[PDB]
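K.L.:
Okay, handing you the structure first.
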Amino acid sequence: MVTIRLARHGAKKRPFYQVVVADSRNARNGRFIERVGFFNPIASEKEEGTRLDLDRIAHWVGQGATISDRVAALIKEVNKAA
Amino acid sequence: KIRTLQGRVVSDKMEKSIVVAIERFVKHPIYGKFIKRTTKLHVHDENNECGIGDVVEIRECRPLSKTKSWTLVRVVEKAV
Amino acid sequence: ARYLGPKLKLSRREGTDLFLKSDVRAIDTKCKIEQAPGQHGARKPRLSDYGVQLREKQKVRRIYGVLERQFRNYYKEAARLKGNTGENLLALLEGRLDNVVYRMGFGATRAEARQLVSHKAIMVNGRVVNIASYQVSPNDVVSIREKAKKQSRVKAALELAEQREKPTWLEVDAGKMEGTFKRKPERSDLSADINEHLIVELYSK
Amino acid sequence: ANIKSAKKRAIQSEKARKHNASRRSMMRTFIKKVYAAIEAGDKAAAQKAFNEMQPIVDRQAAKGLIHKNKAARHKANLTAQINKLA
RNA sequence: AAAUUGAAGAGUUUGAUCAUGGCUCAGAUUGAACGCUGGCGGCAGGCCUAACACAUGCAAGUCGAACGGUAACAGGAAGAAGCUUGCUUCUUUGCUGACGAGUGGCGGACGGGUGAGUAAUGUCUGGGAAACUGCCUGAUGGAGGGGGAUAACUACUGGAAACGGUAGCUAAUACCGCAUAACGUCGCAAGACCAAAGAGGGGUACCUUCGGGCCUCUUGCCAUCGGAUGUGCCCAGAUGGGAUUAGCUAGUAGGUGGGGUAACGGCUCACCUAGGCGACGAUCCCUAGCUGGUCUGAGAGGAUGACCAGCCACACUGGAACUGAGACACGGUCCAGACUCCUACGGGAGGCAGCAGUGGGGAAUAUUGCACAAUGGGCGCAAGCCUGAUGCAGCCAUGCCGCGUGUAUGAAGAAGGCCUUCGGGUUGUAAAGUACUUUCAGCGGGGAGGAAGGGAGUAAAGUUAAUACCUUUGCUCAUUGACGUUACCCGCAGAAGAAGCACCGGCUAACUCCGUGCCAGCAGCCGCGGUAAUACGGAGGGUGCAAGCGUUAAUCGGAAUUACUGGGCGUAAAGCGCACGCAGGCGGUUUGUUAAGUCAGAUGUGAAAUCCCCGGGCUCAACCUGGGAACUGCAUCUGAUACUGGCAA
Ligand SMILES: [Mg+2]
Ligand SMILES: [Mg+2]
Ligand SMILES: [Mg+2]
Ligand SMILES: [Mg+2]
Ligand SMILES: [Mg+2]
Ligand SMILES: [Mg+2]
Ligand SMILES: [Mg+2]
Ligand SMILES: [Mg+2]
Ligand SMILES: [Mg+2]
Ligand SMILES: [Mg+2]
Ligand SMILES: [Mg+2]
Ligand SMILES: [Mg+2]
Ligand SMILES: [Mg+2]
Ligand SMILES: [Mg+2]
Ligand SMILES: [Mg+2]
Ligand SMILES: [Mg+2]
Ligand SMILES: [Mg+2]
Ligand SMILES: [Mg+2]
Ligand SMILES: [Mg+2]
Ligand SMILES: [Mg+2]
Ligand SMILES: [Mg+2]
Ligand SMILES: [Mg+2]
Ligand SMILES: [Mg+2]
Ligand SMILES: [Mg+2]
Ligand SMILES: [Mg+2]
Ligand SMILES: [Mg+2]
Ligand SMILES: [Mg+2]
Ligand SMILES: [Mg+2]
Ligand SMILES: [Mg+2]
Ligand SMILES: [Mg+2]
Ligand SMILES: [Mg+2]
Ligand SMILES: [Mg+2]
Ligand SMILES: [Mg+2]
Ligand SMILES: [Mg+2]
Ligand SMILES: [Mg+2]
Ligand SMILES: [Mg+2]
Ligand SMILES: [Mg+2]
Ligand SMILES: [Mg+2]
Ligand SMILES: [Mg+2]
Ligand SMILES: [Mg+2]
Ligand SMILES: [Mg+2]
Ligand SMILES: [Mg+2]
Ligand SMILES: [Mg+2]
Ligand SMILES: [Mg+2]
Ligand SMILES: [Mg+2]
């Protein structure tokens with residue numbers, strides 16, 4: 001099952017999630033098919049808190065990839081902000 | 001349109017098969033002098049039409065025997 | 001992590017005034033400036049080229065109060081940066097927050113400026129900065145905080161500040177105790193008896 | 001085994017093994033019968049055995065005991081030999 | 001626009017010189033170890049040796065919306081009673097919320113560990129066809145009607161236990177028929193053949209055996225064709241050392257045919273042919289997991305493969321298959337072996353190279369911790385459950401980065417120490433004294449952010465018979481943090497709680513006195529030491545680093561000292577005793593043609609991280625992060641034709 005999920009790299013107490021499309025069986029911070037944006041929970045409010053290449057996301061979703069709850073929340077929040 | 005190699009037949013004593021040597025120039029990795037290298041391939045030759053020394057055109061295909069994975073597309077020049 | 005010993009000893013070793021004292025008094029009235037420290041100071045050393053290179057590096061280091069590890073990192077960054085390596089090394093050294101505070105005159109010496117910075121007495125863009133090596137950038141506003149602006153030492157230090165030569169690249173308003181770092185200082189505006197190229201050689205020997 | 005699911009998996013695997021063995025042996029028996037008919041050279045008897053064998057290999061392939069490719073291969077081989085027989 | 005800017009030598013052969021030449025040192029780096037010392041914080045890291053043996057506790061479960069059921073607890077219902085008249089009490093009732101055990105579905109093939117094996121069945125790069133693919137997704141249709149069992153349970157019963165054994169009872173989305181069938185399979189066609197499973201929510205009426213039937217929605221099942229993902233397979237190049245290893249190979253090499261696999265294939269057979277590999281190093285031996293990368297280097301290179309990531313292999317040793325979409329399976333099965341352990345001596349159990357931890361080996365590497373709050377993963381409609389993955393904490397100066405250990409003033413140049421040619425000099429503004437500040441630690445008070453969601457109600461839009469149910473979208477409410485007494489901020493006190501290590505003959509920065517007398521001793525090399533030793537030991541002074549400093553080990557450098565970039569061979573080491581000559585290397589000059597090499601352009605690819613450039617965020621930095629450059633390569637296509645090659649003259 002292809003899934004879109006967050007690969008947390010960040011640093012200790014300072015997470016920086018990377019939205020990646022990957023086979024759900026591979027480890028979290030491991031093999032990924034394609035990266036489609038980033039999310040930084042800590043935000044200076046003048047930086048880009050979340051960047052999403054919605055087009056590629058839609059491409060993979062149409063192909064059949066599922067979406068983690070948090071990635072769906074991010075997509076919905078950015079489309080709502082727009 | 002089709003990937004292809006060209007070589008000469010060094011031995012044909014096998015039934016329906018031939019071994020062709022593909023020679024190429026490669027710059028030596030360290031010293032630089034362009035040195036000749038040879039690759040010998042067991043090739044499928046229906047009708048055994050290839051004589052030793054002939055220059056033949058070969059293409060890759062599915063595994064046909066334990067070693068044969070190439071088929072003769074055409075003969076280029078024969079019986080030099 | 002900081003040199004705490006006697007200061008005029010270093011000036012005596014280097015053979016020149018290093019501004020390690022406030023300046024109110026002529027240094028020759030406070031020490032035998034022209035004689036090396038120690039029992040055998042009077043003898044003169046016929047010093048090798050490696051010796052003179054080391055002495056130049058030590059002179060700059062002791063001027064700015066920077067230890068070898070930090071200075072080595074500074075040299076690496078200056079070499080990485082584009083342009084004249086020695087000149088960007090001097091720019092990096094002169095861009096330290098404590099040095100900027102001393103140039104604007106809030107401290108009689110760089111050590112006093114460093115203590116001012118450390119004790120939450122200096123603001124950069126209205127933000128409390130407590131790290132001595134904070135790099136100040138062009139168009140920055142460095143100000144004394146209101147609570148620490150009533151310290152007697154800073155009002156004393158401003159007189160020494162007005163008595164020494166005024167740097168071109170800083171605009172200091174002493175009344176409000178605030179200043180603007182207009183631009184990075186060039187080589188020509190700072191003292192010309194620093195042979196930075198000796199340091200460039202020393203970190204390439 | 002130490003894990004609760006491991007014990008049950010072993011039991012289920014033994015049960016499934018016996019069922020699968022029974023059905024697979026049945027299919028192989030029906031195939032060997034047609035092979036013996038071919039080796040006896042009677043087109044009619046081999047065709048009767050083949051047309052009785054055909055519905056069973058397809059059902060076992062559909063039920064997953066063997067692959068559809070295996071069932072089709074068996075059908076192709078037997079048809080080839082029977083047609084090539086006098 | 002930027003993606004670089006980049007290279008140091010010295011000592012030592014001699015009476016002295018030049019050269020050759022080895023030895024040594026100055027630089028970085030470490031998964032480091034030891035010695036002296038030691039305040040704080042951020043980030044990262046921590047058995048390299050015995051894949052040696054393992055005590056103990058956790059590391060894989062989940063679903064009552066598949067099913068028979070009720071052991072337990074919570075209800076209710078009946079139900080009599082204590083009697084307070086229903087305040088309780090006993091007894092049934094799976095009738096309800098749920099659920100131990102059991103059947104069944106899915107998941108234990110992922111996540112995690114280690115590098116023994118493997119020199120190519122492996123990896124990297126680039127190609128290819130002869131294949132499969134659970135869950136996910138698009139399309140198209142189906143989803144009919146029966147049947148026989150078996151757990152659970154009960155009864156009997158073997159054994160010490162483990163684990164069983166006989167006889168009855170029940171259910172399904174368990175299992176098996178029969179019907180149905182094409183764009184599915186076989187065939188040239190003709191034809192032949194092939195499958196399925198329900199469950200849940202609500203309900204206007206209507207029928208009803210009162211169970212439901214019936215309508216509707218959601219989810220689930222079967223078939224085919226795709227999509228994506230993953231996996232199996234084939235080819236070429238690349239991928240250590242040894243030639244004091246030169247020959248190896250009979251399923252070996254090829255072919256026909258049969259068998260087997262998801263698939264091609266000596267994969268396996270039967271027969272026939274007698275081949276295949278090798279000096280461009282086959283075979284044999286030794287050694288070793290590979291790669292992105294890391295250290296070093298001006299660069300080419302040399303070494304290396306810890307942490308992060310991709311791939312492979314193994315799971316006490318050897319072997320084997322089964323279930324399954326996927327294993328020949330770390331916490332599955334069977335057998336053999338060595339162990340360890342239980343015993344009734346007949347028989348059995350086990351596998352920390354999972355997380356902690358113990359013993360052992362060693363110079364040397366940590367806590368039997370907290371939580372599922374965040375990210376993922378498994379099951380589930382969901383709530384939720386599980387998770388030693390993960391997030392955090394504990395231990396260690398192991399490394400990198402930051403900060404403090406006070407600031408200013410202060411000559412009577414105090415005392416004391418050391419030196420003194422006895423005048424003085426030096427420690428030294430150093431101290432004391434005199435002013436000022438309170439970073440960090442200490443005490444007290446406030447306080448982010450990591451939190452998205454989920455649950456309840458509402459409203460609207462679907463929905464359909466239905467303002468039910470369910471889905472979506474809002475809105476309203478009370479809530480969800482291991483870290484954690486958090487980061488950060490404010491207040492109090494008082495310079496108050498905080499500096500060591502190596503060296504001082506030259507290389508190499510920094511010198512005297514005393515003791516010692518070729519003794520004790522020092523040393524990286526040269527070298528010191530036999531009576532004034534700047535080289536041994538102590539003191540004073542000084543130099544270099546700094547919460548570290550030194551010593552040892554290992555790699556690169558210096559080493560142009562394996563020299564391709566970049567060396568030599570008359571005498572310093574180095575021209576075979578000489579000639580012929582096969583393979584190999586190179587080849588006069590002109591014309592044509594070829595596009596192999598070569599050059600240009602384009603496309604694809606060169607995983608992400610790392611290095612570099614321009615920026616962004618933690619008060620700075622380390623660190624994290626955005627975009628780009630780069631990844632010098634490989635392959636394909638279209639061009640150029642001078643040079644090299646082929647062919648022709
Ligand atoms: Mg430091
Ligand atoms: Mg380790
Ligand atoms: Mg249960
Ligand atoms: Mg794994
Ligand atoms: Mg049925
Ligand atoms: Mg029954
Ligand atoms: Mg049928
Ligand atoms: Mg069925
Ligand atoms: Mg290697
Ligand atoms: Mg065959
Ligand atoms: Mg093969
Ligand atoms: Mg090994
Ligand atoms: Mg070099
Ligand atoms: Mg394996
Ligand atoms: Mg073991
Ligand atoms: Mg085994
Ligand atoms: Mg199977
Ligand atoms: Mg196994
Ligand atoms: Mg397993
Ligand atoms: Mg285990
Ligand atoms: Mg362990
Ligand atoms: Mg020991
Ligand atoms: Mg969790
Ligand atoms: Mg558990
Ligand atoms: Mg746990
Ligand atoms: Mg005195
Ligand atoms: Mg504090
Ligand atoms: Mg919060
Ligand atoms: Mg010297
Ligand atoms: Mg004596
Ligand atoms: Mg000594
Ligand atoms: Mg003496
Ligand atoms: Mg000594
Ligand atoms: Mg050493
Ligand atoms: Mg070299
Ligand atoms: Mg030489
Ligand atoms: Mg000689
Ligand atoms: Mg000669
Ligand atoms: Mg030639
Ligand atoms: Mg020519
Ligand atoms: Mg070409
Ligand atoms: Mg990359
Ligand atoms: Mg910044
Ligand atoms: Mg970045
Ligand atoms: Mg030519």
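Numbering starts fresh at 1 for the residues of each chain in the structure tokens, the chains themselves are lettered A, B, ... in the order given, and ligands are numbered from 1 as they appear.
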Check every protein, DNA and RNA residue against ligand 6, keep those with an atom at most 8 Å away (counting only C-alpha atoms (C1' of nucleotides) and all ligand atoms), and present them as a ChimeraX atom specification.

P.N.:
/E:149,170-171

K.L.:
Could you list the protein, DNA and RNA residues that have any atom within 12 Å of ligand 45, counting only C-alpha atoms (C1' of nucleotides) and all ligand atoms, and write them as a ChimeraX atom specification?

P.N.:
/E:590-597,641-648

K.L.:
Set the cut-off to 7 Å, count only C-alpha atoms (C1' of nucleotides) and all ligand atoms, and list whatever residues fall near ligand 18 as a list in words.

P.N.:
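Going residue by residue within 7 Å of ligand 18, we get residues 315, 329 and 330 of chain E.
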
K.L.:
Could you tell me how far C1' of residue 295 in chain E sits from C1' of residue 239 in chain E, in Å to one decimal place?

P.N.:
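Atom-to-atom, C1' of residue 239 in chain E and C1' of residue 295 in chain E are spaced 22.3 Å apart.
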
K.L.:
Might you pull out every residue within 8 Å of residue 66 in chain A, with only C-alpha atoms (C1' of nucleotides) counted and same-chain residues fewer than 3 positions away left off, and present them as a list in words?

P.N.:
residues 1, 2, 3, 4 and 61 of chain A; 136 of chain E

K.L.:
May I ask you to write as a PyMOL selection string all residues lying at most 9 Å from ligand 32, with only C-alpha atoms (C1' of nucleotides) and all ligand atoms counted?

P.N.:
chain E and resi 514-517+531-533

K.L.:
Just N, CA and C atoms (P, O5', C5', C4', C3', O3' and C1' of nucleotides) for this one: save the residues we selected as a PDB file, in the first residue's frame.

P.N.:
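Contents of out_17.pdb, freshly written:
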ATOM      1  P     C E 514      74.316  27.832  42.000  1.00  0.00           P
ATOM      2  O5'   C E 514      73.296  26.856  42.737  1.00  0.00           O
ATOM      3  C5'   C E 514      73.111  26.931  44.159  1.00  0.00           C
ATOM      4  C4'   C E 514      72.166  25.853  44.632  1.00  0.00           C
ATOM      5  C3'   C E 514      72.672  24.422  44.545  1.00  0.00           C
ATOM      6  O3'   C E 514      73.452  24.076  45.681  1.00  0.00           O
ATOM      7  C1'   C E 514      70.501  24.530  43.646  1.00  0.00           C
ATOM      8  P     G E 515      74.578  22.950  45.571  1.00  0.00           P
ATOM      9  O5'   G E 515      73.742  21.619  45.340  1.00  0.00           O
ATOM     10  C5'   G E 515      73.187  20.908  46.455  1.00  0.00           C
ATOM     11  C4'   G E 515      72.395  19.727  45.964  1.00  0.00           C
ATOM     12  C3'   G E 515      73.202  18.641  45.280  1.00  0.00           C
ATOM     13  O3'   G E 515      73.723  17.755  46.255  1.00  0.00           O
ATOM     14  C1'   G E 515      71.280  19.130  43.999  1.00  0.00           C
ATOM     15  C1'   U E 516      73.676  15.228  41.362  1.00  0.00           C
ATOM     16  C3'   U E 516      75.192  13.956  42.616  1.00  0.00           C
ATOM     17  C4'   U E 516      74.010  14.298  43.481  1.00  0.00           C
ATOM     18  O3'   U E 516      75.640  12.635  42.883  1.00  0.00           O
ATOM     19  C5'   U E 516      74.436  14.856  44.829  1.00  0.00           C
ATOM     20  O5'   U E 516      74.921  16.193  44.716  1.00  0.00           O
ATOM     21  P     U E 516      75.140  17.077  46.041  1.00  0.00           P
ATOM     22  P     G E 517      77.013  12.419  43.652  1.00  0.00           P
ATOM     23  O5'   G E 517      78.001  11.944  42.499  1.00  0.00           O
ATOM     24  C5'   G E 517      77.607  10.939  41.554  1.00  0.00           C
ATOM     25  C4'   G E 517      77.914  11.408  40.155  1.00  0.00           C
ATOM     26  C3'   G E 517      79.387  11.379  39.767  1.00  0.00           C
ATOM     27  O3'   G E 517      79.547  10.915  38.442  1.00  0.00           O
ATOM     28  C1'   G E 517      78.511  13.543  39.433  1.00  0.00           C
ATOM     29  P     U E 531      84.330  15.887  35.928  1.00  0.00           P
ATOM     30  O5'   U E 531      83.985  17.184  36.790  1.00  0.00           O
ATOM     31  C5'   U E 531      83.144  18.206  36.262  1.00  0.00           C
ATOM     32  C4'   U E 531      82.678  19.185  37.317  1.00  0.00           C
ATOM     33  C3'   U E 531      83.777  19.946  38.062  1.00  0.00           C
ATOM     34  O3'   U E 531      83.304  21.255  38.378  1.00  0.00           O
ATOM     35  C1'   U E 531      82.447  18.777  39.607  1.00  0.00           C
ATOM     36  P     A E 532      83.452  22.463  37.328  1.00  0.00           P
ATOM     37  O5'   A E 532      81.978  23.055  37.232  1.00  0.00           O
ATOM     38  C5'   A E 532      81.077  22.911  38.320  1.00  0.00           C
ATOM     39  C4'   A E 532      79.980  23.948  38.288  1.00  0.00           C
ATOM     40  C3'   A E 532      78.970  23.836  37.157  1.00  0.00           C
ATOM     41  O3'   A E 532      77.979  22.856  37.404  1.00  0.00           O
ATOM     42  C1'   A E 532      79.626  26.101  37.445  1.00  0.00           C
ATOM     43  P     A E 533      78.027  21.448  36.638  1.00  0.00           P
ATOM     44  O5'   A E 533      76.979  21.620  35.454  1.00  0.00           O
ATOM     45  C5'   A E 533      77.378  22.142  34.190  1.00  0.00           C
ATOM     46  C4'   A E 533      76.343  21.861  33.130  1.00  0.00           C
ATOM     47  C3'   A E 533      75.064  22.683  33.238  1.00  0.00           C
ATOM     48  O3'   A E 533      74.517  22.872  31.933  1.00  0.00           O
ATOM     49  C1'   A E 533      74.549  20.394  33.496  1.00  0.00           C
TER      50        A E 533
END

K.L.:
With only C-alpha atoms (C1' of nucleotides) and all ligand atoms counted, collect every polymer residue having an atom within 10 Å of ligand 15; state the result as a list in words.

P.N.:
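I would give the residues around ligand 15 as residues 50, 51, 52, 53, 54, 315, 316, 351, 352 and 353 of chain E.
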
K.L.:
Can you work out which residues are within 8 Å of ligand 37, considering only C-alpha atoms (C1' of nucleotides) and all ligand atoms, and then hand them over as JSON, numbers by chain?

P.N.:
{"E": [571, 572, 573, 574]}

K.L.:
Find the spatial neighbours of residue 16 in chain B, counting only C-alpha atoms (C1' of nucleotides), within a cut-off of 6 Å - ignore same-chain residues fewer than 6 positions away - and output them as a list in words.

P.N.:
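The residues that qualify are residues 45, 46 and 48 of chain B.
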
K.L.:
The selected residues should be written to file as an mmCIF file, in the first residue's frame (atoms: N, CA, C and O atoms).

P.N.:
data_model
loop_
_atom_site.group_PDB
_atom_site.id
_atom_site.type_symbol
_atom_site.label_atom_id
_atom_site.label_comp_id
_atom_site.auth_asym_id
_atom_site.auth_seq_id
_atom_site.Cartn_x
_atom_site.Cartn_y
_atom_site.Cartn_z
ATOM 1 N N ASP B 45 22.982 -19.433 -33.087
ATOM 2 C CA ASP B 45 23.141 -19.408 -34.540
ATOM 3 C C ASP B 45 22.330 -20.551 -35.140
ATOM 4 O O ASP B 45 22.853 -21.647 -35.356
ATOM 5 N N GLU B 46 21.054 -20.291 -35.414
ATOM 6 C CA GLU B 46 20.254 -21.233 -36.182
ATOM 7 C C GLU B 46 20.856 -21.418 -37.568
ATOM 8 O O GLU B 46 21.365 -20.469 -38.171
ATOM 9 N N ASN B 48 23.534 -22.781 -38.321
ATOM 10 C CA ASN B 48 24.994 -22.862 -38.243
ATOM 11 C C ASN B 48 25.659 -22.174 -39.433
ATOM 12 O O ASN B 48 26.671 -22.634 -39.961
#

K.L.:
Taking only C-alpha atoms (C1' of nucleotides) and all ligand atoms into account, which residues are within 12 Å of ligand 9, as an NGL selection string?

P.N.:
:E and (119 or 123 or 239-240 or 288-291 or 303-305)

K.L.:
Env of residue 16 in chain D: 12 Å cut, atoms = only C-alpha atoms (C1' of nucleotides), seq-sep filter 6 positions within chain, self excluded. Answer as a ChimeraX atom specification.

P.N.:
/D:9-10,22-24,65 /E:174-175,322-324

K.L.:
Have a look at CA of residue 37 in chain D and CA of residue 73 in chain D and let me know their distance in Å, one decimal.

P.N.:
18.7 Å

K.L.:
Counting only C-alpha atoms (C1' of nucleotides), collect the residues of chain A whose closest atom lies at most 9 Å from chain E, and write them out as a PyMOL selection string.

P.N.:
chain A and resi 1-3+5-17+22-33+41-44+47+60-66+69-70+73-74

K.L.:
Taking 3 positions as the minimum chain separation for residues in the same chain, which residues sit within 9 Å of residue 548 in chain E when counting only C-alpha atoms (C1' of nucleotides)? Answer as a VMD selection string.

P.N.:
chain E and resid 37 to 38 397 500 to 501 545

K.L.:
For the selection just defined, write its residues with N, CA, C and O atoms (P, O5', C5', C4', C3', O3' and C1' of nucleotides) to a file, as a PDB file, in the first residue's frame.

P.N.:
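Generated file (selection_9.pdb):
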ATOM      1  P     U E  37      45.088  14.506  40.447  1.00  0.00           P
ATOM      2  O5'   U E  37      44.293  15.609  39.619  1.00  0.00           O
ATOM      3  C5'   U E  37      44.641  16.980  39.724  1.00  0.00           C
ATOM      4  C4'   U E  37      43.921  17.829  38.705  1.00  0.00           C
ATOM      5  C3'   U E  37      42.422  17.984  38.884  1.00  0.00           C
ATOM      6  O3'   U E  37      42.082  18.925  39.883  1.00  0.00           O
ATOM      7  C1'   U E  37      42.915  17.580  36.608  1.00  0.00           C
ATOM      8  P     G E  38      40.700  18.783  40.687  1.00  0.00           P
ATOM      9  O5'   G E  38      39.580  19.097  39.600  1.00  0.00           O
ATOM     10  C5'   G E  38      39.421  20.404  39.070  1.00  0.00           C
ATOM     11  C4'   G E  38      38.367  20.440  37.991  1.00  0.00           C
ATOM     12  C3'   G E  38      36.973  20.000  38.404  1.00  0.00           C
ATOM     13  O3'   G E  38      36.244  21.017  39.063  1.00  0.00           O
ATOM     14  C1'   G E  38      37.560  18.931  36.390  1.00  0.00           C
ATOM     15  P     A E 397      32.724  12.351  33.286  1.00  0.00           P
ATOM     16  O5'   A E 397      33.210  13.324  32.131  1.00  0.00           O
ATOM     17  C5'   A E 397      32.424  13.496  30.951  1.00  0.00           C
ATOM     18  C4'   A E 397      33.323  13.827  29.795  1.00  0.00           C
ATOM     19  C3'   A E 397      34.666  13.115  29.784  1.00  0.00           C
ATOM     20  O3'   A E 397      34.455  11.783  29.313  1.00  0.00           O
ATOM     21  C1'   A E 397      34.914  15.411  29.201  1.00  0.00           C
ATOM     22  P     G E 500      45.342  25.329  39.443  1.00  0.00           P
ATOM     23  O5'   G E 500      45.806  23.934  38.829  1.00  0.00           O
ATOM     24  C5'   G E 500      45.008  22.771  38.984  1.00  0.00           C
ATOM     25  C4'   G E 500      44.791  22.055  37.674  1.00  0.00           C
ATOM     26  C3'   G E 500      46.041  21.588  36.945  1.00  0.00           C
ATOM     27  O3'   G E 500      46.515  20.349  37.444  1.00  0.00           O
ATOM     28  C1'   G E 500      44.581  22.664  35.422  1.00  0.00           C
ATOM     29  P     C E 501      48.056  19.933  37.286  1.00  0.00           P
ATOM     30  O5'   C E 501      48.246  19.714  35.723  1.00  0.00           O
ATOM     31  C5'   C E 501      47.731  18.553  35.093  1.00  0.00           C
ATOM     32  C4'   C E 501      48.057  18.531  33.623  1.00  0.00           C
ATOM     33  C3'   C E 501      49.523  18.679  33.257  1.00  0.00           C
ATOM     34  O3'   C E 501      50.256  17.477  33.385  1.00  0.00           O
ATOM     35  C1'   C E 501      48.232  20.107  31.901  1.00  0.00           C
ATOM     36  P     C E 545      48.694  28.779  21.512  1.00  0.00           P
ATOM     37  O5'   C E 545      48.009  27.413  21.947  1.00  0.00           O
ATOM     38  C5'   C E 545      46.699  27.410  22.486  1.00  0.00           C
ATOM     39  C4'   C E 545      46.353  26.081  23.097  1.00  0.00           C
ATOM     40  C3'   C E 545      45.077  26.059  23.918  1.00  0.00           C
ATOM     41  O3'   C E 545      43.911  25.933  23.129  1.00  0.00           O
ATOM     42  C1'   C E 545      46.799  25.050  25.154  1.00  0.00           C
TER      43        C E 545
END

K.L.:
Got a sec: who's within 10 Å of range 45-47 of chain D, counting only C-alpha atoms (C1' of nucleotides), leaving out chain neighbours fewer than 4 positions off, as number ranges by chain?

P.N.:
D: 33-41, 51-53, 78-79, 82-83

K.L.:
Go ahead and save the residues from that selection, with N, CA and C atoms, as a compact mmCIF listing (two decimals), in the first residue's frame.

P.N.:
# COMPACT_ATOMS: atom_id res chain seq x y z
N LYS D 33 -3.41 -40.90 -14.52
CA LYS D 33 -4.28 -41.80 -15.28
C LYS D 33 -4.28 -41.46 -16.77
N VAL D 34 -4.36 -40.18 -17.12
CA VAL D 34 -4.35 -39.81 -18.53
C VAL D 34 -2.98 -40.06 -19.14
N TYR D 35 -1.92 -39.88 -18.35
CA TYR D 35 -0.59 -40.20 -18.87
C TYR D 35 -0.46 -41.68 -19.18
N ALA D 36 -1.03 -42.55 -18.34
CA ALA D 36 -1.00 -43.98 -18.62
C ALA D 36 -1.84 -44.32 -19.84
N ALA D 37 -2.97 -43.62 -20.02
CA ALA D 37 -3.77 -43.82 -21.23
C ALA D 37 -2.97 -43.45 -22.48
N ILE D 38 -2.28 -42.32 -22.44
CA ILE D 38 -1.42 -41.93 -23.56
C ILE D 38 -0.36 -42.99 -23.81
N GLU D 39 0.27 -43.49 -22.75
CA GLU D 39 1.30 -44.51 -22.91
C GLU D 39 0.73 -45.85 -23.35
N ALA D 40 -0.59 -46.02 -23.28
CA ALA D 40 -1.26 -47.18 -23.85
C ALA D 40 -1.77 -46.92 -25.26
N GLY D 41 -1.82 -45.68 -25.71
CA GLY D 41 -2.05 -45.38 -27.11
C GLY D 41 -3.49 -45.36 -27.56
N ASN D 51 -11.06 -35.32 -20.42
CA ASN D 51 -12.24 -34.48 -20.22
C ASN D 51 -12.82 -34.66 -18.83
N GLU D 52 -12.51 -35.77 -18.15
CA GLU D 52 -12.87 -35.83 -16.74
C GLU D 52 -11.85 -35.10 -15.87
N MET D 53 -10.58 -35.05 -16.30
CA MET D 53 -9.55 -34.38 -15.52
C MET D 53 -9.67 -32.86 -15.59
N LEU D 78 -1.15 -31.93 -22.01
CA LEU D 78 -1.96 -33.11 -22.28
C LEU D 78 -2.67 -33.00 -23.63
N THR D 79 -3.20 -31.82 -23.96
CA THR D 79 -3.84 -31.64 -25.26
C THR D 79 -2.84 -31.84 -26.39
N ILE D 82 -2.06 -35.63 -26.71
CA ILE D 82 -3.21 -36.40 -27.19
C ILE D 82 -3.46 -36.12 -28.67
N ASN D 83 -3.35 -34.86 -29.08
CA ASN D 83 -3.55 -34.54 -30.49
C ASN D 83 -2.42 -35.09 -31.35

K.L.:
What are the nearest atom pairs, with distances in Å to one decimal, for all residues of chain E that come at most 9 Å from ligand 19, using only C-alpha atoms (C1' of nucleotides) and all ligand atoms, set out by chain and rising residue number as JSON lines?

P.N.:
{"residue": "E:108", "atom": "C1'", "partner": "ligand 19", "partner_atom_place_in_ligand_line": "1 (Mg)", "distance": 5.7}
{"residue": "E:109", "atom": "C1'", "partner": "ligand 19", "partner_atom_place_in_ligand_line": "1 (Mg)", "distance": 7.8}
{"residue": "E:327", "atom": "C1'", "partner": "ligand 19", "partner_atom_place_in_ligand_line": "1 (Mg)", "distance": 9.0}
{"residue": "E:329", "atom": "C1'", "partner": "ligand 19", "partner_atom_place_in_ligand_line": "1 (Mg)", "distance": 5.6}
{"residue": "E:330", "atom": "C1'", "partner": "ligand 19", "partner_atom_place_in_ligand_line": "1 (Mg)", "distance": 6.4}
{"residue": "E:331", "atom": "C1'", "partner": "ligand 19", "partner_atom_place_in_ligand_line": "1 (Mg)", "distance": 6.9}
{"residue": "E:332", "atom": "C1'", "partner": "ligand 19", "partner_atom_place_in_ligand_line": "1 (Mg)", "distance": 6.0}

K.L.:
If you run DSSP on this backbone, which residues of range 21-143 of chain C come out as helix (DSSP H, G or I), and could you give them as a ChimeraX atom specification?

P.N.:
/C:27-29,49-64,68-80,85-94,97-104,110-118
